[PDB]
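For reference, the structure is listed below as structure tokens.
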Amino acid sequence: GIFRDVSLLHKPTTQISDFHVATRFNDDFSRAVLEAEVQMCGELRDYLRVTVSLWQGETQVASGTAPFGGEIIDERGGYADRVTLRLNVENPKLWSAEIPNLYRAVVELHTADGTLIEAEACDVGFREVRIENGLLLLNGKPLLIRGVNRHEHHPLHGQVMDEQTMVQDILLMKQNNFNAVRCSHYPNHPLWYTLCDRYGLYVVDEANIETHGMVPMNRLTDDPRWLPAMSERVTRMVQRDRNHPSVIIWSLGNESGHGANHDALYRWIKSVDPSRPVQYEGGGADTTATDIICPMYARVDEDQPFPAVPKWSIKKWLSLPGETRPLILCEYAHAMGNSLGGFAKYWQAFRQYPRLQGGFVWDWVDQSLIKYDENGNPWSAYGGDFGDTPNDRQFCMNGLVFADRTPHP
Amino acid sequence: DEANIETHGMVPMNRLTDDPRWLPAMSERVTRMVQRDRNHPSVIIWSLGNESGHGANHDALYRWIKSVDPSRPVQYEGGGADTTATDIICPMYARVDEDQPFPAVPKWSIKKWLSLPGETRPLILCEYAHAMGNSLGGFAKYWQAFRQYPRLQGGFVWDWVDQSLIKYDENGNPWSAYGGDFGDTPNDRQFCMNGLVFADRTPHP
Ligand SMILES: OC[C@H]1O[C@@H](SCCc2ccccc2)[C@H](O)[C@@H](O)[C@H]1O
Ligand SMILES: OC[C@H]1O[C@@H](SCCc2ccccc2)[C@H](O)[C@@H](O)[C@H]1O
Ligand code: NA
Ligand code: NA
Ligand code: NA
Ligand code: NA
């Protein structure tokens with residue numbers, strides 16, 4: 001059903017069809033340039049302009065006005081409908097989970113006289129996310145990921161998300177020493193990214209692809225005929241959430257095995273957006289479609305010996321011949337019911353081993369639905385309580401908190 | 001096969017090995033060894049020495065062996081066992097889980113050492129498990145780690161035989177002497193005996 005908002009948007013005849021925001025930094029991280037690419041749907045003409053200005057509160061730190069037209073990129077020339085505006089920012093505030101420090105950028109298409117045709121705005125965070133010497137870095141500092149996997153779930157409203165529940169979850173996360181959140185395993189609410197920008201939470205944006213039921217798991221993802229469908233699940237996500245500072249990592253999906261489509265889709269994201277590292281778990285979490293090693297529920301010392309896809313110890317995995325990539329557990333420590341036993345082992349290893357930059361806990365909130373007795377009193381329902389078969393019973397509830405949401409011990 | 005160079009008593013340990021004037025002496029201790037023992041099949045690894053810190057002479061002497069004999073990898077422990085003068089990481093008595101935090105030359109866990117950013121070389125302990133007297137406690141930990149971790153290709157135990165000398169009582173009966181039993185001072189007492197067997201040579205437990 002229609003589980004997210006429905007809206008009507010009116011645009012002008014000449015519109016800003018698209019705009020991008022990037023941030024480049026000096027090695028001292030004391031000098032930043034904001035290169036903003038702006039696309040328009042025209043209705044193109046010579047006189048109209050585009051002005052991009054950076055605002056810090058009520059103060060404008062920088063601005064840029066330029067006629068449309070791109071630099072020559074081929075023998076045919078450059079884009080006539082596009083324009084590039086790079087703004088110099090001196091000693092800027094850097095975005096992080098610890099210190100948000102958001103910037104406000106206003107992108108407006110206007111005539112040369114001048115009246116503004118359409119005005120667009122975006123929140124800009126100045127940070128850098130790059131893996132260097134096999135270490136995930138934010139602003140030149142190795143970031144230890146203390147994150148948790150989160151499903152968009154409501155016990156009363158299903159998968160419909162209100163603003164109050166998004167805030168409620170974020171506060172509880174930060175109040176329990178969480179700095180990261182992994183929207184698993186689908187693109188979340190557009191407002192969720194906004195909240196993470198201002199509050200300060202590392203976000204791993206995950207594509208809506210998961211073929212866990214197939215045999216083998218990569219039957220569709222290694223099929224060329226299914227490539228067009230998978231690409232649209234990835235490309236459209238990147239185009240929507242590439243402006244958000246809080247998002248630092250792209251994800252191809254979840255459990256979809258390893259196919260040729262993943263490698264192609266991985267290469268595409270790296271091509272369109274070199275700013276964020278791309279991770280993918282399928283194929284043993286050591287495939288060519290991931291910038292980071294992200295094993296699921298891998299253990300600290302003992303390693304599960306499986307054919308084809310072996311799960312190594314998080315300490316052993318790093319030491320494998322030809323390994324340089326860092327290890328961040330996309331999933332670990334199954335918090336189903338009474339759990340997190342030996343949870344201290346993980347975090348002793350996280351702090352000891354440099355390339356072990358933490359992971360994401362599964363899960364944050366129990367996906368339990370509310371039902372009502374004959375007497376009328378409400379009770380938490382799970383798995384096969386709705387007369388559904390075959391089902392996976394209480395396995396739906398693996399959250400660190402209840403659904404109301406009360407914290408588990 | 002290990003070269004006859006060790007400057008453990010110097011302060012710092014690389015005072016002579018980082019001295020250009022001492023380079024001619026160190027090279028002759030390395031070059032003449034290689035020329036003599038390069039034909040032997042049993043020798044598989046060259047060694048620059050032992051504890052001599054890390055100097056420019058080591059890097060030059062390392063490069064020389066690689067030049068004359070690319071058949072054998074060259075290892076050297078000094079400088080943190082992760083220097084440019086070694087083909088293999090060979091830490092001394094490094095531990096399996098806990099890592100000794102030392103300035104300049106830090107001793108990491110044998111599991112952690114492999115995972116360090118920019119590490120590709122394998123780890124073979126040139127020395128580990130000090131068999132001084134009643135020892136080899138937690139010796140099973142090393143070999144559990146050796147078999148689990150691919151890049152951990154074991155190591156060399158210290159030591160094989162107790163370096164004890166035989167002396168004689170007034171009655172004539174012989175007794176094992178160590179350290180300062182020969183009226184020598186300053187000495188390092190019973191530390192000379194770290195062998196897996198006695199000197200006769202009877203196996204230790
Ligand atoms: O509890 C769900 C978990 O299932 C396991 S697989 C098999 C585990 C399983 C399968 C069937 C029923 C219950 C658990 C996944 O790896 C996790 O991400 C999580 O989804
Ligand atoms: O027992 C000798 C050992 O001494 C230690 S250093 C310092 C250890 C030490 C120093 C002085 C007296 C006794 C032990 C060396 O690293 C080993 O190779 C071995 O030679
Ligand atoms: Na770490
Ligand atoms: Na589950
Ligand atoms: Na091994
Ligand atoms: Na000794």
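Residues in the structure tokens are numbered from 1 in each chain, the chains being A, B, ... in the order shown, and ligands are numbered from 1 in the order shown.
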
Next item on the list: Please identify all polymer residues within 8 Å of residue B:115, counting only C-alpha atoms, omitting same-chain residues fewer than 2 positions from it, and present them as a PyMOL selection string.
Entry: (chain A and resi 315+318-319+353-355) or (chain B and resi 111-113+117+119)

Which chain A residues have any atom within 8 Å of an atom of ligand 4, and for each, what is the nearest pair of atoms with distance in Å to one decimal, counting only C-alpha atoms and all ligand atoms, rows sorted by chain and number, as CSV?
```
residue,atom,partner,partner_atom_place_in_ligand_line,distance
A:336,CA,ligand 4,1 (Na),7.5
A:363,CA,ligand 4,1 (Na),8.0
A:395,CA,ligand 4,1 (Na),4.7
A:396,CA,ligand 4,1 (Na),4.8
A:397,CA,ligand 4,1 (Na),6.4
A:398,CA,ligand 4,1 (Na),5.8
```

Margin query: As a quick test: using only C-alpha atoms and all ligand atoms, which residues lie no more than 12 Å away from ligand 3? Give them as a PyMOL selection string.
Written below: (chain A and resi 134-137+141-146+314-315+318+326-328+346-359) or (chain B and resi 112+115-117)

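The shortest atom-to-atom distance to ligand 2, with only C-alpha atoms and all ligand atoms taken into account, belongs to B:190 out of B:39, B:190, B:163, B:171.
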
Check: Quick one: residues within 10 Å of residue A:269, only C-alpha atoms counted, chain neighbours fewer than 2 positions away excluded, as a ChimeraX atom specification?
Finding: /A:234-235,238,250-252,264-267,271-278

Take the residues from that selection and put them in a file with N, CA, C and O atoms, as an mmCIF file, in the first residue's frame.
```
data_model
loop_
_atom_site.group_PDB
_atom_site.id
_atom_site.type_symbol
_atom_site.label_atom_id
_atom_site.label_comp_id
_atom_site.auth_asym_id
_atom_site.auth_seq_id
_atom_site.Cartn_x
_atom_site.Cartn_y
_atom_site.Cartn_z
ATOM 1 N N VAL A 234 19.463 1.184 -7.671
ATOM 2 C CA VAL A 234 20.691 1.753 -7.141
ATOM 3 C C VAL A 234 20.872 3.194 -7.598
ATOM 4 O O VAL A 234 21.129 4.081 -6.794
ATOM 5 N N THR A 235 20.752 3.411 -8.900
ATOM 6 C CA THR A 235 20.996 4.722 -9.492
ATOM 7 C C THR A 235 20.059 5.796 -8.940
ATOM 8 O O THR A 235 20.495 6.901 -8.621
ATOM 9 N N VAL A 238 21.037 6.895 -5.318
ATOM 10 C CA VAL A 238 22.201 7.771 -5.274
ATOM 11 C C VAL A 238 21.829 9.194 -5.679
ATOM 12 O O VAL A 238 22.255 10.159 -5.047
ATOM 13 N N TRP A 250 27.680 4.297 0.632
ATOM 14 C CA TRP A 250 26.697 3.582 -0.189
ATOM 15 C C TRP A 250 26.687 2.078 0.005
ATOM 16 O O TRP A 250 27.700 1.471 0.318
ATOM 17 N N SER A 251 25.533 1.468 -0.214
ATOM 18 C CA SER A 251 25.423 0.016 -0.127
ATOM 19 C C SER A 251 24.640 -0.539 -1.312
ATOM 20 O O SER A 251 23.605 0.006 -1.695
ATOM 21 N N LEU A 252 25.141 -1.628 -1.886
ATOM 22 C CA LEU A 252 24.532 -2.227 -3.068
ATOM 23 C C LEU A 252 23.262 -2.998 -2.730
ATOM 24 O O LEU A 252 22.359 -3.120 -3.556
ATOM 25 N N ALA A 264 29.164 -4.288 -11.666
ATOM 26 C CA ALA A 264 28.845 -3.200 -12.581
ATOM 27 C C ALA A 264 28.206 -2.034 -11.836
ATOM 28 O O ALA A 264 28.543 -0.873 -12.070
ATOM 29 N N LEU A 265 27.283 -2.351 -10.933
ATOM 30 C CA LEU A 265 26.592 -1.330 -10.151
ATOM 31 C C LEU A 265 27.531 -0.678 -9.144
ATOM 32 O O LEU A 265 27.392 0.504 -8.832
ATOM 33 N N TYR A 266 28.486 -1.452 -8.638
ATOM 34 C CA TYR A 266 29.513 -0.918 -7.751
ATOM 35 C C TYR A 266 30.369 0.100 -8.491
ATOM 36 O O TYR A 266 30.649 1.183 -7.978
ATOM 37 N N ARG A 267 30.775 -0.259 -9.704
ATOM 38 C CA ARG A 267 31.622 0.594 -10.527
ATOM 39 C C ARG A 267 30.901 1.877 -10.930
ATOM 40 O O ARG A 267 31.526 2.921 -11.108
ATOM 41 N N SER A 271 31.896 5.783 -10.067
ATOM 42 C CA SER A 271 32.044 6.685 -11.201
ATOM 43 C C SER A 271 31.290 7.994 -10.985
ATOM 44 O O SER A 271 31.827 9.074 -11.233
ATOM 45 N N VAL A 272 30.047 7.897 -10.521
ATOM 46 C CA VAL A 272 29.218 9.083 -10.325
ATOM 47 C C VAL A 272 29.531 9.797 -9.013
ATOM 48 O O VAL A 272 29.363 11.011 -8.908
ATOM 49 N N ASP A 273 29.988 9.045 -8.018
ATOM 50 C CA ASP A 273 30.234 9.616 -6.700
ATOM 51 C C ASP A 273 31.435 8.969 -6.019
ATOM 52 O O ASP A 273 31.285 8.007 -5.266
ATOM 53 N N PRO A 274 32.637 9.503 -6.285
ATOM 54 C CA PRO A 274 33.874 9.030 -5.658
ATOM 55 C C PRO A 274 34.023 9.521 -4.220
ATOM 56 O O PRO A 274 34.995 9.175 -3.549
ATOM 57 N N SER A 275 33.064 10.316 -3.757
ATOM 58 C CA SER A 275 33.114 10.887 -2.416
ATOM 59 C C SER A 275 32.828 9.853 -1.332
ATOM 60 O O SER A 275 33.337 9.958 -0.218
ATOM 61 N N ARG A 276 32.011 8.858 -1.659
ATOM 62 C CA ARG A 276 31.625 7.846 -0.682
ATOM 63 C C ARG A 276 32.088 6.449 -1.084
ATOM 64 O O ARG A 276 31.955 6.056 -2.243
ATOM 65 N N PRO A 277 32.639 5.696 -0.120
ATOM 66 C CA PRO A 277 33.008 4.295 -0.346
ATOM 67 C C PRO A 277 31.772 3.413 -0.487
ATOM 68 O O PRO A 277 30.753 3.680 0.149
ATOM 69 N N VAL A 278 31.865 2.376 -1.311
ATOM 70 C CA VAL A 278 30.737 1.481 -1.537
ATOM 71 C C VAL A 278 30.999 0.108 -0.932
ATOM 72 O O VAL A 278 32.021 -0.518 -1.213
#
```

Next item on the list: Tell me which of B:125, B:166, B:145, B:177 sits closest to chain A, counting only C-alpha atoms.
Entry: B:145

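Among the residues of stretch 18-173 of chain B, backbone DSSP assigns strand (DSSP E) to residues 46, 47, 74, 75, 123, 124, 125, 126, 127, 128, 129, 130, 152, 153, 154, 155, 156, 157, 158, 165, 166, 167 and 168 of chain B.
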
Write out the residues from the selection above, keeping C-alpha atoms, as a CSV table (one decimal), in the first residue's frame.
```csv
chain,number,residue,atom,x,y,z
B,46,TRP,CA,69.7,-15.1,5.4
B,47,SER,CA,70.0,-12.9,8.6
B,74,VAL,CA,66.5,-11.8,4.2
B,75,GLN,CA,65.2,-11.2,7.7
B,123,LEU,CA,55.4,-13.2,10.5
B,124,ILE,CA,58.0,-15.7,11.8
B,125,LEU,CA,59.2,-15.3,15.3
B,126,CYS,CA,63.0,-15.4,15.2
B,127,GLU,CA,62.7,-15.8,19.0
B,128,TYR,CA,59.8,-16.7,21.2
B,129,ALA,CA,58.8,-18.8,24.3
B,130,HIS,CA,61.8,-18.3,26.6
B,152,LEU,CA,51.7,-16.8,10.9
B,153,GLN,CA,54.3,-19.4,9.8
B,154,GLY,CA,55.5,-20.4,13.2
B,155,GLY,CA,58.8,-19.3,14.8
B,156,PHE,CA,62.0,-20.3,16.5
B,157,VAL,CA,62.1,-21.4,20.2
B,158,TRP,CA,64.7,-20.0,22.6
B,165,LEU,CA,79.6,-25.0,32.1
B,166,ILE,CA,80.9,-28.0,34.1
B,167,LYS,CA,82.9,-27.3,37.3
B,168,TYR,CA,84.3,-29.6,39.9
```

Check: Which parts of stretch 7-63 of chain B does DSSP call helix (DSSP H, G or I) when run on the backbone here, written out as a ChimeraX atom specification?
Finding: /B:20-37,56-63

Next item on the list: Show me which residues sit within 10 Å of ligand 1 when counting only C-alpha atoms and all ligand atoms, and put them as a ChimeraX atom specification.
Entry: /A:149,184-185,212,254-255,295-297,330-332,334-336,362-363,391-398

Notebook entry, point to check: Using only C-alpha atoms and all ligand atoms, which protein or nucleic acid residues are at most 6 Å from ligand 5, as a count of residues only?
Noted result: 8

Could you give me, as JSON lines, every chain B residue with an atom at most 8 Å from ligand 6, plus its closest atom pair and distance in Å to one decimal, counting only C-alpha atoms and all ligand atoms, rows ordered by chain then number?
```
{"residue": "B:132", "atom": "CA", "partner": "ligand 6", "partner_atom_place_in_ligand_line": "1 (Na)", "distance": 7.5}
{"residue": "B:159", "atom": "CA", "partner": "ligand 6", "partner_atom_place_in_ligand_line": "1 (Na)", "distance": 8.0}
{"residue": "B:191", "atom": "CA", "partner": "ligand 6", "partner_atom_place_in_ligand_line": "1 (Na)", "distance": 4.7}
{"residue": "B:192", "atom": "CA", "partner": "ligand 6", "partner_atom_place_in_ligand_line": "1 (Na)", "distance": 4.8}
{"residue": "B:193", "atom": "CA", "partner": "ligand 6", "partner_atom_place_in_ligand_line": "1 (Na)", "distance": 6.4}
{"residue": "B:194", "atom": "CA", "partner": "ligand 6", "partner_atom_place_in_ligand_line": "1 (Na)", "distance": 5.8}
```

Please save N, CA and C atoms of the selected residues as a tab-separated table (two decimals), in the first residue's frame.
```tsv
chain	number	residue	atom	x	y	z
B	132	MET	N	63.56	-20.76	29.75
B	132	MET	CA	64.43	-20.66	30.92
B	132	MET	C	63.85	-21.41	32.11
B	159	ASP	N	65.54	-21.47	24.35
B	159	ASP	CA	66.60	-21.93	23.45
B	159	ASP	C	66.58	-23.45	23.37
B	191	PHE	N	70.70	-16.77	33.63
B	191	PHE	CA	70.01	-16.44	32.39
B	191	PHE	C	70.64	-17.12	31.18
B	192	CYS	N	71.84	-17.67	31.37
B	192	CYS	CA	72.55	-18.34	30.28
B	192	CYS	C	71.90	-19.67	29.91
B	193	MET	N	71.11	-20.22	30.83
B	193	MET	CA	70.46	-21.50	30.62
B	193	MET	C	68.99	-21.33	30.26
B	194	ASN	N	68.69	-21.39	28.96
B	194	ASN	CA	67.32	-21.25	28.49
B	194	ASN	C	66.95	-22.36	27.51
```

For stretch 59-69 of chain A, please output as an mmCIF file with N, CA, C and O atoms, in the first residue's frame all residues within 10 Å (counting only C-alpha atoms; exclusion window: fewer than 5 positions along the same chain).
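For reference, around.cif as written:
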```
data_model
loop_
_atom_site.group_PDB
_atom_site.id
_atom_site.type_symbol
_atom_site.label_atom_id
_atom_site.label_comp_id
_atom_site.auth_asym_id
_atom_site.auth_seq_id
_atom_site.Cartn_x
_atom_site.Cartn_y
_atom_site.Cartn_z
ATOM 1 N N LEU A 34 33.471 24.530 -2.341
ATOM 2 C CA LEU A 34 32.187 23.887 -2.590
ATOM 3 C C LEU A 34 31.825 23.988 -4.064
ATOM 4 O O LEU A 34 31.279 24.998 -4.508
ATOM 5 N N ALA A 36 29.479 23.263 -6.915
ATOM 6 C CA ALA A 36 28.070 22.934 -7.076
ATOM 7 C C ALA A 36 27.667 22.895 -8.545
ATOM 8 O O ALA A 36 27.666 23.919 -9.228
ATOM 9 N N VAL A 38 24.801 22.478 -11.333
ATOM 10 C CA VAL A 38 23.369 22.744 -11.404
ATOM 11 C C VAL A 38 22.792 22.413 -12.778
ATOM 12 O O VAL A 38 23.253 22.928 -13.795
ATOM 13 N N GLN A 39 21.782 21.548 -12.798
ATOM 14 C CA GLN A 39 21.079 21.213 -14.031
ATOM 15 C C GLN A 39 19.732 21.921 -14.097
ATOM 16 O O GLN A 39 19.087 22.144 -13.072
ATOM 17 N N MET A 40 19.309 22.268 -15.307
ATOM 18 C CA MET A 40 18.008 22.893 -15.502
ATOM 19 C C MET A 40 17.231 22.219 -16.625
ATOM 20 O O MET A 40 17.813 21.719 -17.587
ATOM 21 N N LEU A 44 15.719 26.850 -22.350
ATOM 22 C CA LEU A 44 17.023 27.467 -22.120
ATOM 23 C C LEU A 44 17.132 28.812 -22.834
ATOM 24 O O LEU A 44 16.651 28.972 -23.956
ATOM 25 N N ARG A 45 17.767 29.776 -22.173
ATOM 26 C CA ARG A 45 18.027 31.078 -22.775
ATOM 27 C C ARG A 45 19.295 31.691 -22.177
ATOM 28 O O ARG A 45 19.784 31.240 -21.141
ATOM 29 N N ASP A 46 19.820 32.720 -22.834
ATOM 30 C CA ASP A 46 21.106 33.304 -22.469
ATOM 31 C C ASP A 46 21.066 34.153 -21.199
ATOM 32 O O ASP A 46 22.019 34.155 -20.419
ATOM 33 N N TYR A 47 19.965 34.870 -20.994
ATOM 34 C CA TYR A 47 19.910 35.896 -19.954
ATOM 35 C C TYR A 47 19.805 35.345 -18.531
ATOM 36 O O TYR A 47 20.382 35.914 -17.606
ATOM 37 N N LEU A 48 19.081 34.245 -18.351
ATOM 38 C CA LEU A 48 18.845 33.714 -17.008
ATOM 39 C C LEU A 48 20.126 33.208 -16.341
ATOM 40 O O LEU A 48 21.034 32.707 -17.006
ATOM 41 N N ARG A 49 20.183 33.349 -15.020
ATOM 42 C CA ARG A 49 21.367 32.998 -14.240
ATOM 43 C C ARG A 49 21.052 31.970 -13.162
ATOM 44 O O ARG A 49 19.893 31.637 -12.927
ATOM 45 N N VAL A 50 22.096 31.477 -12.504
ATOM 46 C CA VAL A 50 21.935 30.671 -11.301
ATOM 47 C C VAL A 50 22.899 31.151 -10.226
ATOM 48 O O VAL A 50 24.109 31.234 -10.448
ATOM 49 N N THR A 51 22.350 31.483 -9.062
ATOM 50 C CA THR A 51 23.154 31.972 -7.953
ATOM 51 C C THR A 51 23.155 30.982 -6.796
ATOM 52 O O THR A 51 22.102 30.633 -6.262
ATOM 53 N N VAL A 52 24.344 30.525 -6.421
ATOM 54 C CA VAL A 52 24.498 29.642 -5.274
ATOM 55 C C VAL A 52 25.190 30.378 -4.136
ATOM 56 O O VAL A 52 26.289 30.903 -4.307
ATOM 57 N N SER A 53 24.539 30.423 -2.979
ATOM 58 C CA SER A 53 25.095 31.110 -1.821
ATOM 59 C C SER A 53 25.078 30.219 -0.584
ATOM 60 O O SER A 53 24.098 29.522 -0.321
ATOM 61 N N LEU A 54 26.171 30.247 0.169
ATOM 62 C CA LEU A 54 26.272 29.490 1.411
ATOM 63 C C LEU A 54 25.910 30.356 2.609
ATOM 64 O O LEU A 54 26.449 31.448 2.779
ATOM 65 N N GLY A 77 31.687 19.305 -27.338
ATOM 66 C CA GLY A 77 31.613 20.430 -26.426
ATOM 67 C C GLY A 77 31.102 20.021 -25.058
ATOM 68 O O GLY A 77 31.149 18.847 -24.698
ATOM 69 N N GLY A 78 30.612 20.993 -24.296
ATOM 70 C CA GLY A 78 30.092 20.727 -22.968
ATOM 71 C C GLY A 78 28.593 20.927 -22.878
ATOM 72 O O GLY A 78 27.942 21.273 -23.866
ATOM 73 N N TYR A 79 28.039 20.705 -21.690
ATOM 74 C CA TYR A 79 26.613 20.895 -21.459
ATOM 75 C C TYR A 79 26.244 22.374 -21.486
ATOM 76 O O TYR A 79 26.841 23.185 -20.779
ATOM 77 N N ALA A 80 25.255 22.720 -22.304
ATOM 78 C CA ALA A 80 24.786 24.097 -22.391
ATOM 79 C C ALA A 80 23.763 24.391 -21.299
ATOM 80 O O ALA A 80 23.622 25.531 -20.856
ATOM 81 N N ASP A 81 23.056 23.354 -20.864
ATOM 82 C CA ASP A 81 22.002 23.502 -19.869
ATOM 83 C C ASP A 81 22.514 23.347 -18.440
ATOM 84 O O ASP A 81 21.756 23.487 -17.484
ATOM 85 N N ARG A 82 23.800 23.050 -18.294
ATOM 86 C CA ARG A 82 24.381 22.870 -16.968
ATOM 87 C C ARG A 82 25.347 23.997 -16.629
ATOM 88 O O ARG A 82 25.851 24.682 -17.517
ATOM 89 N N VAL A 83 25.596 24.186 -15.339
ATOM 90 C CA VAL A 83 26.522 25.211 -14.879
ATOM 91 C C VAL A 83 27.246 24.731 -13.623
ATOM 92 O O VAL A 83 26.674 24.011 -12.802
ATOM 93 N N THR A 84 28.513 25.108 -13.491
ATOM 94 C CA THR A 84 29.300 24.723 -12.327
ATOM 95 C C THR A 84 29.688 25.944 -11.502
ATOM 96 O O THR A 84 30.275 26.896 -12.016
ATOM 97 N N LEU A 85 29.352 25.908 -10.216
ATOM 98 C CA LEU A 85 29.657 27.009 -9.313
ATOM 99 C C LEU A 85 30.449 26.520 -8.108
ATOM 100 O O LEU A 85 29.903 25.861 -7.221
ATOM 101 N N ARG A 86 31.736 26.841 -8.080
ATOM 102 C CA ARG A 86 32.592 26.453 -6.967
ATOM 103 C C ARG A 86 32.868 27.640 -6.048
ATOM 104 O O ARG A 86 33.407 28.661 -6.473
ATOM 105 N N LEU A 87 32.487 27.492 -4.782
ATOM 106 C CA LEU A 87 32.565 28.579 -3.814
ATOM 107 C C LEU A 87 33.697 28.362 -2.818
ATOM 108 O O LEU A 87 33.790 27.306 -2.191
ATOM 109 N N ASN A 88 34.553 29.366 -2.671
ATOM 110 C CA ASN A 88 35.650 29.290 -1.714
ATOM 111 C C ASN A 88 35.188 29.556 -0.290
ATOM 112 O O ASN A 88 34.588 30.591 0.004
ATOM 113 N N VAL A 89 35.471 28.603 0.590
ATOM 114 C CA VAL A 89 35.136 28.725 2.000
ATOM 115 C C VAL A 89 36.412 28.609 2.831
ATOM 116 O O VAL A 89 37.121 27.608 2.744
ATOM 117 N N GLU A 90 36.709 29.628 3.633
ATOM 118 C CA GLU A 90 37.945 29.638 4.416
ATOM 119 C C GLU A 90 37.705 29.203 5.858
ATOM 120 O O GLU A 90 36.776 29.683 6.510
ATOM 121 N N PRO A 92 36.472 26.355 7.309
ATOM 122 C CA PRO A 92 35.071 25.980 7.511
ATOM 123 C C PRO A 92 34.875 25.043 8.694
ATOM 124 O O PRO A 92 35.828 24.409 9.150
ATOM 125 N N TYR A 103 25.767 23.667 7.085
ATOM 126 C CA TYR A 103 25.717 24.881 6.281
ATOM 127 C C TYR A 103 24.454 24.889 5.427
ATOM 128 O O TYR A 103 23.959 23.835 5.029
ATOM 129 N N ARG A 104 23.936 26.080 5.148
ATOM 130 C CA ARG A 104 22.741 26.215 4.325
ATOM 131 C C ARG A 104 23.086 26.813 2.966
ATOM 132 O O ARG A 104 23.560 27.945 2.878
ATOM 133 N N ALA A 105 22.851 26.045 1.908
ATOM 134 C CA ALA A 105 23.139 26.503 0.554
ATOM 135 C C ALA A 105 21.853 26.768 -0.220
ATOM 136 O O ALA A 105 20.988 25.900 -0.312
ATOM 137 N N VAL A 106 21.738 27.968 -0.775
ATOM 138 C CA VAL A 106 20.558 28.343 -1.546
ATOM 139 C C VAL A 106 20.880 28.432 -3.034
ATOM 140 O O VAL A 106 21.678 29.268 -3.459
ATOM 141 N N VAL A 107 20.252 27.564 -3.821
ATOM 142 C CA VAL A 107 20.452 27.544 -5.265
ATOM 143 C C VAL A 107 19.229 28.102 -5.979
ATOM 144 O O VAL A 107 18.163 27.488 -5.964
ATOM 145 N N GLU A 108 19.377 29.262 -6.608
ATOM 146 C CA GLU A 108 18.240 29.900 -7.258
ATOM 147 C C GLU A 108 18.508 30.277 -8.712
ATOM 148 O O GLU A 108 19.540 30.859 -9.043
ATOM 149 N N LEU A 109 17.556 29.927 -9.570
ATOM 150 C CA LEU A 109 17.599 30.268 -10.985
ATOM 151 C C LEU A 109 16.883 31.591 -11.223
ATOM 152 O O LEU A 109 15.691 31.716 -10.945
ATOM 153 N N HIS A 110 17.610 32.582 -11.733
ATOM 154 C CA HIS A 110 17.059 33.925 -11.868
ATOM 155 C C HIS A 110 17.448 34.608 -13.174
ATOM 156 O O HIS A 110 18.483 34.306 -13.764
ATOM 157 N N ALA A 112 18.586 37.915 -15.516
ATOM 158 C CA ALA A 112 19.617 38.932 -15.323
ATOM 159 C C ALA A 112 19.022 40.336 -15.317
ATOM 160 O O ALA A 112 18.976 41.006 -16.350
#
```

Margin query: Can you tell me which residues surround residue B:2 at a distance of at most 10 Å, considering only C-alpha atoms, apart from same-chain residues fewer than 3 positions away, and format the answer as a ChimeraX atom specification?
Written below: /B:5,29-30,33-34,45-50,74-76

Next item on the list: Compile the contact shell of residue B:31 as a list in words: residues with an atom at most 9 Å away, counting only C-alpha atoms, same-chain residues fewer than 6 positions apart removed.
Entry: residues 3, 61, 64 and 65 of chain B

Next item on the list: Name all residues at most 10 Å from residue A:407 (count only C-alpha atoms; drop same-chain ones fewer than 5 positions away) and give them as number ranges by chain.
Entry: A: 172, 364-365, 399-402

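Of the residues under consideration (B:99, B:169, B:200, B:184), B:99 shows the shortest atom-to-atom contact distance to chain A when counting only C-alpha atoms.
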
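Shortest atom-to-atom contact with ligand 2 among B:120, B:4, B:57, B:52: B:52, counting only C-alpha atoms and all ligand atoms.
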
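The shortest atom-to-atom distance to chain A, with only C-alpha atoms taken into account, belongs to B:98 out of B:188, B:82, B:162, B:98.
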
Note to self: Just checking: using only C-alpha atoms, which residue out of B:20, B:78, B:91, B:118 ends up closest to chain A?
What the structure shows: B:118
